[PDB]
Amino acid sequence: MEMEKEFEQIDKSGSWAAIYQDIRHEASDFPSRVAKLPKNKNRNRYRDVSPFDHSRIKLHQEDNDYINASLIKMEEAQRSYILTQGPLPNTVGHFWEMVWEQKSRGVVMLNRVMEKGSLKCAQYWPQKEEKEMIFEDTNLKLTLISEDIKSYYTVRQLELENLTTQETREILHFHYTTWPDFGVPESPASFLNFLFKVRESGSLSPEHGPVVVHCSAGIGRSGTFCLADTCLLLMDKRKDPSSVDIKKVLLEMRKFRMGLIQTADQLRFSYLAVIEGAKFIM
Ligand SMILES: OCc1ccccc1N1CCOCC1
């Protein structure tokens, strides 16, 4: 079926939970043996969210190459994304090592450091120009260059330096600051505006390594971001945009990381975002 009218048909029939459970039943199951090794317990935020072995990002290190991060490679859309958990106190250096090694231009953050009164990820970037951060375990230096605070999101320019080679690179930090503590946003308008700002920066384009996207677990809000982006790109590329099947695209992405889209409300919000976004594109 088309999307907008499939949408109204699920709303009128109140069957979002049944649609979402079908997705969960059909989703791929692949091994994640490296994630579950005992030496990696303090590298995982949640015991039930792990990268598959076949798609995990490897750190360029001979001691321990593990990080909770996955490469989502979308062949028809010609887009790639790295989805990862919010960094932990003992993985902030690994996180920036990955950004460096994978040649990423942008980092997309969809959570606040504290939500619901608890810590959802480490404070992994510097908050003042004159107070830079040094990650001694991976030999990197990170400096805040500039910050632009808007009503729904903040954009930061950061300098990452590889202290072994003295090479430097500019990294863009795109921080969506207004996702509610509970539920999903009422309107997708600010989320779409944010997606378009990431696109306009070049961070999603083939001349750079894949964008790094995270929330707390790296599957819920993060899944919504890449699902909406890929669906809108396919609607631009194809002769028949009504052929784009958002449930099929989501199942394709779940071949590369488990659990993408965590609730039926996130599934409905993804439909809403793609539907509204397709009208603005034209
Ligand atoms: O002072 C912050 C800092 C500087 C350099 C390297 C690591 C850190 N931490 C680690 C713990 O999590 C917060 C960042």
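Residues numbered from 1 in each chain as written, not as in the entry; some residues may be left out. Heavy atoms only, no water.

Method of determination for the deposited model, per the PDB record: X-ray crystallography, at 1.7530 Å resolution.

Mind showing me how you'd approach the environment of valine 211 here?
With respect to the secondary-structure elements, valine 211 resides in strand β11 (residues 211-214). Taking the C-alpha atoms as reference points, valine 211 and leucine 172, separated by 39 residues in sequence, lie 10.0 Å from one another. (Helix = DSSP H or I, 4+ residues; strand = E, 2+ residues; numbered from the N terminus.)

How should I be thinking about the UniProt feature "binding site: substrate" in the protein chain in this particular structure?
Residues annotated by UniProt as "binding site: substrate" correspond here to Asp181, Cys215, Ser216, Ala217, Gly218, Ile219, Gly220, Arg221 and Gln262. Once residues lying within four places of it in the same chain are set aside, the contact partners of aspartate 181 are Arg112, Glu115 and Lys116. Checked against the element boundaries, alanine 217 lands in the loop between β11 and α5 (221-237). Look at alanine 217 and you get buried, because its relative accessible area is 10%. (UniProt positions renumbered as here; feature names shortened; annotations may be inferred. Contact = heavy atoms within 4.5 Å. Buried < 20%, exposed > 50% of the residue type's maximum accessible area, 1.4 Å probe, protein only.)

It is not clear to me how the site of the ligand should be interpreted in this structure. Could you clarify?
Close contacts around the ligand come from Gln123, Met133, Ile134 and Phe135, and that covers them all. For the ligand, whose accessible area on its own is 350 Å², the fraction buried by protein is 49%. (Near = heavy atom within 4 Å. Areas by Shrake-Rupley, 256 points an atom, 1.4 Å probe, with all protein chains shown as cover.)

Would you mind going over the pattern of salt bridges with me for this structure?
Pairing between side chains of opposite charge can happen when the charged atoms of each approach one another. Applying the stated rule across the entire model yields 18 salt bridges. One salt bridge connects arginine 112 with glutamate 115, and the closest N-O pair in it is separated by 4.0 Å. Looking at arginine 112, the relative accessible area reads 22%, which means it is partly exposed. Taking relative accessible area as the criterion, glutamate 115 reaches 5% and is therefore assigned buried. Here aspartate 245 ties to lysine 248 by a salt bridge, and the two come within 3.8 Å at their closest N and O atoms. (Salt bridge = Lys/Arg side-chain N within 4 Å of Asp/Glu carboxyl O.)

Please clarify how the packing of helix α1 (residues 3-13) against helix α7 (residues 264-281) should be interpreted in this entry.
The packing of two helices is summarised by the inter-axis angle and the distance between the axes. It is the contact of α1 with α7, at a shortest axis distance of 10 Å, that shows an interaxial angle of 145°. Like other packed secondary-structure pairs, α1 and α7 cross with a definite hand, here left-handed. Residues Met3, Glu4, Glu6, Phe7, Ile10 and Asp11 of α1 touch α7, and the partners they reach there are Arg268, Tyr271, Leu272, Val274, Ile275 and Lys279. Considering only residue class, the contact of α1 with α7 consists of seven nonpolar, no polar and five charged. (Axes fitted to C-alpha atoms, helices over the stretch in contact; angles between N-to-C directions. Left-handed = near helix turned anticlockwise from the far one by under 90°. Nonpolar A, V, L, I, M, F, W, Y, C, P; charged D, E, K, R; others polar.)

Sorry, what's going on with the sheet that holds strand β10 (residues 167-176) here?
Adjacent strands of a sheet form backbone hydrogen bonds with each other and so pair up, either parallel or antiparallel. Read across the open sheet, the nine strands follow the order β1-β2-β3-β11-β4-β10-β9-β8-β7; overall the sheet is mixed. Looking at which strands have only one partner, the edges of the open sheet turn out to be β1 (56-58) and β7 (133-135). In this sheet, adjacent strand axes meet at a mean angle of 30° when their direction is disregarded. Contacting β3 (79-84), β4 (106-109), β9 (153-162) and β10, helix α4 (residues 189-200) crosses the sheet at an angle of about 165° to β10. (Pairing = 2+ DSSP bridges.)

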